[PDB]
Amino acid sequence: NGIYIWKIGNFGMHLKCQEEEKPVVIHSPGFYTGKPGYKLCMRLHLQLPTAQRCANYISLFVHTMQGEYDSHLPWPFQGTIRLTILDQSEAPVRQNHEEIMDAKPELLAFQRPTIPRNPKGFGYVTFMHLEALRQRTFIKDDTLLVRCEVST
């Protein structure tokens, strides 16, 4: 299984713009599920307080990118993606917030990408409520940890 931990720095600033009702949208670097493996990346939003549904939620989405090994891998990507926002409080057992999502072959999002970054992504509009960040040490040293673990 490939595992990638996205360190999102400067996070205090990002929460501040969300409060000021400024759209916040971030993309991870690309990363490989393996070598050879798929190249994926992540989209995280901070939803405005004035949104209809999902107000004040964190959104989280996985996208396929064009990769070195694309021509060698089976398409569409089929498998499991586990998206976790990690707890950095000092307290076993730590309480991570995670959702496990199933890659179904019927989706367009995991078809072979032809553009550098496929705009069709797959994930959760309502991944985690912001008011859950104020209730655990999810942010430490002004940094948020988003873990992506891919199973095939």
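The first residue of the sequence shown is number 1, and the count goes up from there. Between two forms, the rigid core is the largest collection of C-alphas that superpose within 1.5 Å.
- Core-fitted comparison in 5 other deposited structures of this protein shows that, between 89-97 and 51-59, the CA atoms farther from the shown form belong to 89-97.
- Root-mean-square C-alpha deviation from the shown form, taken over all structures in 5 other deposited structures of this protein superposed by the rigid core, is larger for 1-9 than for the alternative among 1-9 and 141-149.
- Stretches 24-32 and 45-53 differ in mean C-alpha B factor, with the higher average recorded for 45-53.
- Set 84-92 against 119-127 and average the Cα temperature factors; 84-92 ends up higher.
- When the modelled residues of the chain are ordered by C-alpha B-factor, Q66 sits in the middle third.
- In the deposited entry, the Cα temperature factor of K104 sits in the top third of values across the chain's modelled residues.
- For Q111, the recorded CA temperature factor ranks within the middle third of the chain's modelled residues.
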